[PDB]
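S.K.: Dropping a structure here in structure tokens format, bear with me for questions.
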Amino acid sequence: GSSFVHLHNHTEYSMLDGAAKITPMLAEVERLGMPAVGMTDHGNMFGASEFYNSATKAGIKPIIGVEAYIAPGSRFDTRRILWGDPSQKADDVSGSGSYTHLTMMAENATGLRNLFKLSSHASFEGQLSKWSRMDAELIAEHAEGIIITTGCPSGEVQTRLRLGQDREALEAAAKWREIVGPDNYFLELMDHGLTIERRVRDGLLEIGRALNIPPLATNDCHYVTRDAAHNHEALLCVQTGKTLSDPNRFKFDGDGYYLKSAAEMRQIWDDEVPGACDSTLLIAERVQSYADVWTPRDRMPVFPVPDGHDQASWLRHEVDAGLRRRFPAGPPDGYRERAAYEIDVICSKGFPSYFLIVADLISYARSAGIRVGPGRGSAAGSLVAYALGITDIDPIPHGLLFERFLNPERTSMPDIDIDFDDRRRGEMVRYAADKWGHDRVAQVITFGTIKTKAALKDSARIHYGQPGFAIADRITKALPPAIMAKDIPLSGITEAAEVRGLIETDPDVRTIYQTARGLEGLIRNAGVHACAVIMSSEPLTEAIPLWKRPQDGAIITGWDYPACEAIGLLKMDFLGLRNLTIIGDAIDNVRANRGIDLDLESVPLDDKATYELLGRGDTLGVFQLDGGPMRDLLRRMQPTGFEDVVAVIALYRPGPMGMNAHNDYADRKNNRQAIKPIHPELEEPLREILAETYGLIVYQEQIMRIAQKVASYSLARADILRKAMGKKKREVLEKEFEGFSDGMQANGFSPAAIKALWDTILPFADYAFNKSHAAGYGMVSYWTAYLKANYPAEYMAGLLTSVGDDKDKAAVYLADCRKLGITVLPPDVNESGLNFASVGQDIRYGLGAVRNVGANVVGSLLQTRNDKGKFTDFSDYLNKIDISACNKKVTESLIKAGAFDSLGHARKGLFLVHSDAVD
Ligand SMILES: [Zn+2]
Ligand SMILES: [Zn+2]
Ligand SMILES: [Zn+2]
């Protein structure tokens, strides 16, 4: 009654502009005892999911909206438009004639949905430079359920006022009021005692009176608290690229832009403009539950099947076909029944479409010559996955467990992902969009959060400018090295640090460190995730806000992938792997240099050569086996079969190493150590389950097999035990020990045997390794070793190609080449191609491997070298090439790289000759 709600408010998702993080904002909102809060971010609704959930979870009522950017003309119009005289630039259309602000809020779930797509359309259609803009025409099409206002000072109505254009201001206000309706338009009033706001206040209340618009007090909060104001000021500097000293920069006036208490707020408005604060409460109480928007709906695409099938029929049909291909002279024994079991679970859980989709993507990759992976994750324990080509690991010969993948007794979404040649993700993503709908497939946003290291570089540019680099560079070196891609949380220095001393010493560094903490974990920008993609049965604008990446036109989700899946959108990882690129290249090299045409999918898994190579530990550049201590272990282990490859991958991790499991495995395998039983009563019942791993427990699947044998568990229920012994919640451990123990009692085991097993498994289950993932990786390792062992030059060539023009990474493999007796010939205009090549027994340097040279240009060189070349001499090269300053920048680097020495002319010469040629 004498309370208040902030409706105009900027979150950290007003990137580089709002400094109010949602969690502290809610905290504050509550101790000020306020019933509700709004979210009004500049130009986007990326925080909506977070805000809604956080607000709801704290019983504050969320008001969700957006401070739209509105074009001065049509949103499609990319001309800049100004309404006053140049002498009034500072009062005129923001963004130099690009936009005005508009505060918009959702009264109910219809309005929310409408705001989502109004946002989306702003980006799809109304983009000028960095601003996504709506216009009046577009907003009118989607006005239902929305409340708008007359706006902040950067709004249209005030801009008009400030400009002297009273007629236009009043006319603007009537246009907007007409569009949303008399009951959803408010006269927005804001006071930070600035003279910009006072100038307009009278004109403004005139308009309110004239057109009959209620007043609304708001604060345009850009930070939570009053002390936070200084951090806000530094943030704006990161956004502007300007100095704190530099007075001319964009900044706010004093510190009024926090979440003021009902009291302070009523103190400003009650006497001055009766009703303003009360309207906030009228609005808050008017606002509905948004919950229909976050209610999960099954939005998984429906694979289109031939006529007279359904998803389940078609899956059977396809799985059958699959087995036929895979086992062309009849599938072996027990396969069909396994398949039928899986198909049955799958249909039962409602996932046949998903399988069909991933199959179809894999199908396309092959039709297009895109190398896919043998597959990763849980899916490798599914005979269906294997049948359909989703994986290439037959789960049966490797003893992988379907119920680890899809547990019939738990309801939950499996992860079925493609993974392929890193250089071809583009095509894969485009294909998906074509197949499933351009308005139904989107890549997923990531949020660029300000990290510790760039926080400091930022803090320095803020205090010092361009010359700030020195101090900046100075601070950053003092830093402990990473772990291994994660620099030390700043607050943390509140520790192996010398630098800490650096601050206690230098007063300037204390102030840079201070400013950087104010900056940490705010959001710098929006990225596109490396691999996640979201798909839907319905247009995605119906579910979530989205945006268009300006550079390529890519459509990206507004929320991250957990928020998306949280409401029943399908997410898949379209993963690009470079080892797959390297594999494809080595294979190509073998076609070219040896005329063999290798098909990895049919390489034996027992190749003597390979295991020999493994035994030496000459694994530089073989997938997952290159580490130093890895090489040691491989040597100590003398691997001999595929299962050993699968084990090292699992064993070369901190958990098993902590237990010495890897060395133990090695030693036991080579008769240097006896195989200890978990307990004597346990020896014979568990012997075969643990045999392959020389009596040690290495995989999740073994925990399951163990619980089934000894405790009479379902594989499904053993899966559930395994998950739980992983999480370690007392209440659940005890129910489960109850069960485990009872089962073992029933099977006749002493309390000692039960206690041994339990005690062994319990810590081991924190870290136990998913055997399906180890087989998938293992396959790639082995394949990779097989190529190095049997095709050294072809493979090393592929490897070096992947290292780009980086001399440092290259020097690592060149050293390897040398240690294997492979000769490395230099870059050459007549003999080098774009990438490194296998030439007989040699590697020939890649042309693109030199500085300043890329496929783009090398392409035309090889082009012309085919039509007319080889080049006879430097001037012949010039006569065969073309006139261009850019062409000259290239030519220079090729000379340096000695690409021309083949011709037999000193290079100092050629530089001089090149300059004339250009003139
Ligand atoms: Zn702002
Ligand atoms: Zn504004
Ligand atoms: Zn604002």
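S.K.: Under 9 Å between Cβ atoms, at least 6 apart or on separate chains: pull out the pairs that start in segment 64-82 with a residue that is assigned by CATH to the domain that holds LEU7 and end on any residue that is basic (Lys, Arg) and within 16 Å of ligand 2 (Cβ to nearest atom).
M.R.: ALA68/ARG133; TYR69/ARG133; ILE70/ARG133; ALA71/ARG133; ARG75/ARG133
S.K.: I've got another one for you. What residue, among those in segment 828-885 that are of a type in the set (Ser, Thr, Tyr) and surrounded by fewer than 18 Cβ atoms within 10 Å (Cβ to Cβ), is nearest to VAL913 (Cα to Cα)?
M.R.: The qualifying residue nearest to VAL913 (Cα to Cα) is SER875.
S.K.: When you go through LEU170, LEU205 one by one, which is the residue that is in contact with a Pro (Cβ under 9 Å, 6 or more places away or on another chain) and either not basic (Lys, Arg) or not assigned by CATH to the domain that holds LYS251 (or both)?
M.R.: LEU205
S.K.: Mind listing whichever residues of segment 185-226 are away from ligand 1 (no atom under 16 Å from the Cβ), in contact with a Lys or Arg (Cβ under 9 Å, 6 or more places away or on another chain) and over 19 Å from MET104 (Cβ atoms)?
M.R.: Within segment 185-226, the subset away from ligand 1 (no atom under 16 Å from the Cβ) is 185-187, 189, 191, 193, 195, 198-217, 225-226.
Checking the rest, the ones that are also in contact with a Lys or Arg (Cβ under 9 Å, 6 or more places away or on another chain) come to 185, 189, 191, 199-200, 203, 211-213, 217, 226.
Passing the criteria: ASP191, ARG199, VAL200, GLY203, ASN212, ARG226.
S.K.: Kindly state which helices (runs of 4 or more DSSP H) lie completely within segment 714-824 and contain at least 2 residues that are among the hydroxyl-bearing types (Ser, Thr, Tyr) and within 19 Å of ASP626 (Cβ to Cβ).
M.R.: 771-790, 792-802
S.K.: Here's another thing I want to ask about it. Of all residues in segment 815-848, which are out of contact with any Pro (no Cβ under 7 Å at 6 or more places or on another chain) and among the hydrophobic types (A, V, I, L, M, F, W, C)?
M.R.: Residues satisfying the conditions are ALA815, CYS817, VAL824, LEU825, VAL829, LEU834, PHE836, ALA837, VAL839, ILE843.
Rundown of residues vs (1) within 25 Å of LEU205 (Cα to Cα); (2) in contact with a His (Cβ under 6 Å, 6 or more places away or on another chain), yes/no style:
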residue	(1), (2)
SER87	no, no
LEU118	no, yes
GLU137	no, no
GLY145	no, no
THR149	yes, no
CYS152	yes, yes
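S.K.: When segment 302-313 is examined, which residues are found to be on the phi < 0 side of the Ramachandran plot and surrounded by fewer than 18 Cβ atoms within 10 Å (Cβ to Cβ)?
M.R.: Once the filter is applied, which keeps residues that are on the phi < 0 side of the Ramachandran plot and surrounded by fewer than 18 Cβ atoms within 10 Å (Cβ to Cβ), segment 302-313 yields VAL302, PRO304, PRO306, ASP307, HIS309, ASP310, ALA312, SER313.
S.K.: Something else about it: Could you tell me whether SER3 is among the small types (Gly, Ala, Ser), more than 16 Å from ligand 3 (Cβ to nearest atom) and not in a helix (DSSP H, G or I)? Show your work before the answer.
M.R.: Values: among the small types (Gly, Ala, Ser): yes; more than 16 Å from ligand 3 (Cβ to nearest atom): yes; not in a helix (DSSP H, G or I): yes.
Spelling it out, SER3 is indeed among the small types (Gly, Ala, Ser), more than 16 Å from ligand 3 (Cβ to nearest atom) and not in a helix (DSSP H, G or I).
S.K.: Moving on to the next point. I need every pair where a residue in segment 579-600 that is farther than 20 Å from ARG376 by Cβ has its Cβ under 6 Å from the Cβ of a residue that is in a loop (DSSP other than H, G, I, E, B), sequence separation at least 6 or different chains.
M.R.: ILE587/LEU598; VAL590/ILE596; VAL590/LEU598; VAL590/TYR791; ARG591/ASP597
S.K.: Looking at segment 20-47, which of its residues are in a strand (DSSP E or B) and either within 16 Å of ligand 2 (Cβ to nearest atom) or in contact with a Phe, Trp or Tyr (Cβ under 8 Å, 6 or more places away or on another chain) (or both)?
M.R.: Here is the first cut: in segment 20-47, the residues in a strand (DSSP E or B) are 20, 36-39, 42.
Correct list: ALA20, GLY38, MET39, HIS42.
S.K.: Please tell me if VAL93 is crowded, with 21+ Cβ neighbours inside 10 Å and either within 16 Å of ligand 2 (Cβ to nearest atom) or outside the structural domain of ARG199 (by CATH) (or both).
M.R.: yes
S.K.: Scan the helices (runs of 4 or more DSSP H) fully inside segment 837-905 and keep the ones with 2 or more residues being within 27 Å of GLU794 (Cα to Cα).
M.R.: Answer list for segment 837-905: 855-867, 885-896.
S.K.: I'm trying to understand the selection: among the residues of segment 561-617, which are among the hydrophobic types (A, V, I, L, M, F, W, C), assigned to a helix (DSSP H, G or I), in contact with a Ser or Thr (Cβ under 8 Å, 6 or more places away or on another chain) and surrounded by fewer than 21 Cβ atoms within 10 Å (Cβ to Cβ)? Break it down into steps so the answer makes sense when it comes.
M.R.: Here is the first cut: in segment 561-617, the ones among the hydrophobic types (A, V, I, L, M, F, W, C) are 563-564, 566-567, 569-570, 572, 574-575, 577, 580, 582-583, 586-587, 590, 592, 596, 598, 600, 603, 605, 609, 613-614.
If we keep only those that are assigned to a helix (DSSP H, G or I) too, we end up with 563-564, 580, 582-583, 586-587, 590, 592, 600, 609, 613-614.
So of that shortlist, the ones also in contact with a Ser or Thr (Cβ under 8 Å, 6 or more places away or on another chain) come out as 563-564, 582-583, 590, 592, 613.
Residue satisfying the conditions is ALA592 alone.
S.K.: May I ask you to list the residues in segment 633-659 that are more than 14 Å from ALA768 (Cβ to Cβ), in a loop (DSSP other than H, G, I, E, B) and under 35 Å from the mean Cα position of the chain (by Cα)?
M.R.: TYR652
S.K.: For segment 755-784, how many residues are β-branched (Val, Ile, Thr) and within 17 Å of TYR386 (Cβ to Cβ)?
M.R.: Qualifying residue count for the region: 1.
S.K.: Restricting attention to segment 209-228, and to residues there that are charged (D, E, K, R) and within 17 Å of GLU12 (Cα to Cα), which single residue is nearest to ligand 3 (Cβ to nearest atom)?
M.R.: Ranking the candidates gives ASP220 first.
S.K.: So which residues in segment 48-71 are outside any loop (DSSP other than H, G, I, E, B) and not hydrophobic (A, V, I, L, M, F, W, C), if there are any at all? Break it down into steps so the answer makes sense when it comes.
M.R.: So in segment 48-71, the residues outside any loop (DSSP other than H, G, I, E, B) come out as 48-57, 61-70.
Those that are outside any loop (DSSP other than H, G, I, E, B) and not hydrophobic (A, V, I, L, M, F, W, C): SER49, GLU50, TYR52, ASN53, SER54, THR56, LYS57, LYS61, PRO62, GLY65, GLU67, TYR69.
S.K.: I've got another one for you. Taking the stated definitions as given, is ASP17 touching a helix residue (DSSP H, G or I) at 6+ places or on another chain (Cβ under 7 Å) and within 14 Å of ligand 2 (Cβ to nearest atom)? Explain how you work it out, then say what you get.
M.R.: On the way: touching a helix residue (DSSP H, G or I) at 6+ places or on another chain (Cβ under 7 Å): yes; within 14 Å of ligand 2 (Cβ to nearest atom): yes.
Yes; evaluated as a whole, the condition is true for this residue.
S.K.: Within segment 229-254, track down each residue that is closer than 19 Å to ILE450 by Cα and either within 16 Å of ligand 3 (Cβ to nearest atom) or not assigned by CATH to the domain that holds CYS152 (or both).
M.R.: Passing the criteria: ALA229, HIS232, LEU235, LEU236, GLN239.
S.K.: Which condition number does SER94 fail, the rest of (1) closer than 30 Å to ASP227 by Cβ; (2) away from ligand 1 (no atom under 16 Å from the Cβ); (3) of a type in the set (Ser, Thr, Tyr) being met?
M.R.: Checking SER94 against (1) closer than 30 Å to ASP227 by Cβ; (2) away from ligand 1 (no atom under 16 Å from the Cβ); (3) of a type in the set (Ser, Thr, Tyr), the one that fails is (2).
S.K.: Given the criterion within 35 Å of the chain's Cα centre (by Cα), at negative phi and of a type outside the set (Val, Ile, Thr), identify the matching residue among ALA746, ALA768, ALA753.
M.R.: Answer to the check: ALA768.
S.K.: So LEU546 clears everything in (1) out of contact with any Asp or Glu (no Cβ under 8 Å at 6 or more places or on another chain); (2) over 17 Å from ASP439 (Cα atoms); (3) in the same structural domain as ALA433 (by CATH) except one condition, right? Which one?
M.R.: (2)
S.K.: Among (1) away from ligand 2 (no atom under 16 Å from the Cβ); (2) in contact with a strand residue (DSSP E or B) (Cβ under 8 Å, 6 or more places away or on another chain), where does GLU168 come up short?
M.R.: If we test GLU168 against (1) away from ligand 2 (no atom under 16 Å from the Cβ); (2) in contact with a strand residue (DSSP E or B) (Cβ under 8 Å, 6 or more places away or on another chain), just (2) comes out false.
S.K.: Next up: For segment 644-672, which positions are polar (S, T, N, Q) and under 17 Å from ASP632 (Cβ atoms)?
M.R.: Scanning segment 644-672 gives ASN660, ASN663, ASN670.
S.K.: Which members of segment 153-167 meet the condition of being more than 16 Å from ligand 3 (Cβ to nearest atom) and closer than 28 Å to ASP253 by Cα?
M.R.: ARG160, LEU161, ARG162, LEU163, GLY164, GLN165, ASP166
S.K.: Checking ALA526 against (1) more than 30 Å from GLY126 (Cα to Cα); (2) not in a loop (DSSP other than H, G, I, E, B), which single condition isn't satisfied?
M.R.: Just one mismatch for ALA526, condition (1).
S.K.: What is the one condition in (1) closer than 30 Å to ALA543 by Cβ; (2) surrounded by fewer than 17 Cβ atoms within 10 Å (Cβ to Cβ); (3) of a type in the set (A, V, I, L, M) that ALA496 does not satisfy?
M.R.: Among (1) closer than 30 Å to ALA543 by Cβ; (2) surrounded by fewer than 17 Cβ atoms within 10 Å (Cβ to Cβ); (3) of a type in the set (A, V, I, L, M), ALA496 violates only (1).
The values are calculated or read from the model by the stated rules, or taken from the named source; no laboratory instrument gave them. Note that we place each Cβ from the backbone using ideal geometry, even for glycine, and neighbour counts take in every protein chain shown.
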